[PDB]
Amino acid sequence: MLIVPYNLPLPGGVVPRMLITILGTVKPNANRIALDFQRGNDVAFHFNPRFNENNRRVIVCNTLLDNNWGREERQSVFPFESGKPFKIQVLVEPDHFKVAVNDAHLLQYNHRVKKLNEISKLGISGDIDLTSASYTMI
């Protein structure tokens, strides 16, 4: 069981056909989870399940550039459940990150950061027991 927050190096950044797989279990009474794909200090792709934003569950995605958040993209489909094991798969495609949870497609997030080969860390944080984090080329 990995320590959270957890940093997964992505050597040489990301590239299309790279698949990143995160396995974990959501804590009971979770508040948040975040996956941050980072280019140095910038966050190219922030993937942020929120379990109680005004008593609603929502996924917030965004990009942080020079310490400024951009326009949020919001998804009301919410596949996570407190207490339950999950699998997040992030497939890098040419124009977007494609995210599936528990083998069901969830969302896509268009690339705002263009230097994909400089997105060289994944930060995993929030209210989970983290089991594993890895990548493979498909």
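Quick note: we count residues from 1 along the sequence shown, nothing fancier.
Higher average CA B factor: 52-60, of the stretches 105-113 and 52-60.
Look at the C-alpha B-factors of 62-70 and of 23-31. On average they run higher in 23-31.
The PDB entry assigns its highest CA temperature factor, among 78, 37, 86, 97, to 78. Among the modelled residues of its chain, residue 15 has a C-alpha B-factor that falls in the middle third according to the deposited record. Residue 123: CA B factor in the lowest third of modelled residues in this chain (values from the PDB entry).
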